[PDB]
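In what follows, a structure is listed as structure tokens, so that the remarks can point back to it.
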Protein chains: 4
Amino acid sequence: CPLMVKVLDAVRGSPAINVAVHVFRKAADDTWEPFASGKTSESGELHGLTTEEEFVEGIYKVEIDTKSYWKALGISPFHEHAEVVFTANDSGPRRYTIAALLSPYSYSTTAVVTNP
Amino acid sequence: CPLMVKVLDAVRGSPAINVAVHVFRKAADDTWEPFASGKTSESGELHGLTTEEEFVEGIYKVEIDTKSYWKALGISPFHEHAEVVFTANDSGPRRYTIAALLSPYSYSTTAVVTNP
Amino acid sequence: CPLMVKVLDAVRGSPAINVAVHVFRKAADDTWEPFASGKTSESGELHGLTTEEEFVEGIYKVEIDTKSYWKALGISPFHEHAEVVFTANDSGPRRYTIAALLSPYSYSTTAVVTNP
Amino acid sequence: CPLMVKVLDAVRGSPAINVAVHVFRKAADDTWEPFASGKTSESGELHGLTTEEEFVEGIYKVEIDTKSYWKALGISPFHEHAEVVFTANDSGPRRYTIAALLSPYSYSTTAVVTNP
Ligand SMILES: [Mn+2]
Ligand SMILES: [Mn+2]
Ligand SMILES: [Mn+2]
Ligand SMILES: [Mn+2]
């Protein structure tokens with residue numbers, strides 16, 4: 001995959017399972033267009049969002065639906081979702097892993113960017 | 001005083017100084033309306049964004065312009081900006097501090113919510 | 001005032017209150033000697049650990065007793081404690097703030113190093 | 001592996017390669033005994049530290065040599081190393097992944113604990 005998402009739960013020390021993820025790409029008129037979506041697996045990973053053909057240069061937004069995740073666990077969290085906004089493939093195709101570490105009042109996000 | 005922002009720089013171990021911060025409030029047509037903005041002080045803090053009267057329950061977005069901060073330091077970053085989206089809720093008298101810790105390819109954000 | 005500790009609780013979005021903190025200094029036989037200790041205040045802070053006179057260059061260890069904090073909240077944690085080991089260096093007048101953000105299975109720590 | 005270490009570099013957005021890792025186990029006389037050591041691979045991962053037979057109940061310390069890592073990159077960091085101290089296998093054998101995210105003045109650590 002050129003774009004992969006990995007989500008961990010810092011309260012349980014486990015992958016964050018069944019987290020909804022929505023990806024958007026900024027259009028020429030400066031609006032967010034839907035690009036791809038999915039849910040994390042039992043390993044907290046989401047693959048197969050896109051192909052290298054479709055994943056062109058652009059500004060992307062990866063929205064990780066954290067409030068929904070915590071609420072299904074009976075926790076009322078602070079954030080609505082985590083939003084990761086970045087320019088992709090500006091110097092040629094790259095492989096991107098977006099990692100997120102979730103707590104109820106806190107999250108972290110890291111990008112690991114590799115040249116295929 | 002009901003909403004404060006604090007930004008730290010994980011590379012230099014220092015407050016992140018002169019970072020632009022824009023706050024938005026979600027309108028009833030589900031678009032983001034400008035609400036308040038400022039730049040971080042020498043201590044990495046931004047106070048006086050809003051007042052208790054103006055800061056009603058709703059969904060707010062705090063956007064921290066991290067890319068321009070790193071570009072000014074000669075460092076190539078990943079994110080366009082950091083985005084913290086949350087619901088403000090009345091329960092008792094409460095202060096919101098949004099803290100953000102920045103790295104070029106990573107950031108974390110935490111909400112400290114306390115009483116008067 | 002040359003060394004301060006600040007601890008936040010990522011689960012509740014609050015200062016971590018009444019966390020024991022022990023500071024050690026590495027002796028010439030490479031063992032840890034007790035240096036200072038305290039408990040975090042209502043604001044999650046611990047001041048007055050040392051003085052400028054006493055805080056000479058050397059290797060210091062700050063140990064934050066996180067397990068007992070989580071056990072007191074009924075939450076099962078991973079770490080025995082958080083450990084921050086660093087060298088204090090003279091260059092100009094400098095203040096060290098060790099900040100720590102706690103989750104049951106995760107923590108982060110940052111050093112904010114500033115001038116007078 | 002029952003014990004795995006993964007290290008990421010938050011300045012480069014890449015695995016942290018060639019990071020030395022030393023593992024210790026607390027002995028009955030309350031001293032740290034060497035238990036295993038190794039270096040992260042090109043993927044930032046360290047496997048094969050131990051076997052399920054040798055990885056008994058105990059208090060372990062995983063010391064990640066962060067100062068050495070940054071210095072070889074020409075960066076003078078704050079911390080001497082990251083220290084992760086935890087009780088392992090207290091309720092029966094588990095599989096442990098210790099993840100660390102490194103910046104010069106900051107690091108994060110998370111444990112992912114799975115039941116084989
Ligand atoms: Mn380009
Ligand atoms: Mn309400
Ligand atoms: Mn010196
Ligand atoms: Mn046991």
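Letters go in sequence order (proteins before strands), and every chain restarts at 1. Indexing begins at 1, ligand by ligand and atom by atom, following the structure's order. The figures that follow rest on heavy atoms only: side chains count, while hydrogens, waters and symmetry mates do not.
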Treating [X] as the side-chain partner and [Y] as the backbone partner, does any N or O pair qualify as donor plus acceptor under 3.5 Å?
X: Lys6(D); Y: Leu101(D); result: no
X: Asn89(A); Y: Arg94(A); result: yes
X: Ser103(D); Y: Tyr107(D); result: no

* Close aromatic pair by centroid cut-off 6.0 Å: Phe86(A) and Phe78(B) -> yes
* Polar contact flag, side-chain donor to acceptor under 3.5 angstrom, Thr31(C)-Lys26(C) -> no
* Asked: If you leave out waters, which protein N, O or S atoms are less than 2.8 Å from the Mn ion (ligand 3)?
  -> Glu57(C) OE2, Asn89(C) OD1
* Asked: Parallel under 30°, tilted from 30 to 60°, perpendicular over 60°: which one fits the rings of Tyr60(C) and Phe55(C)?
  -> tilted
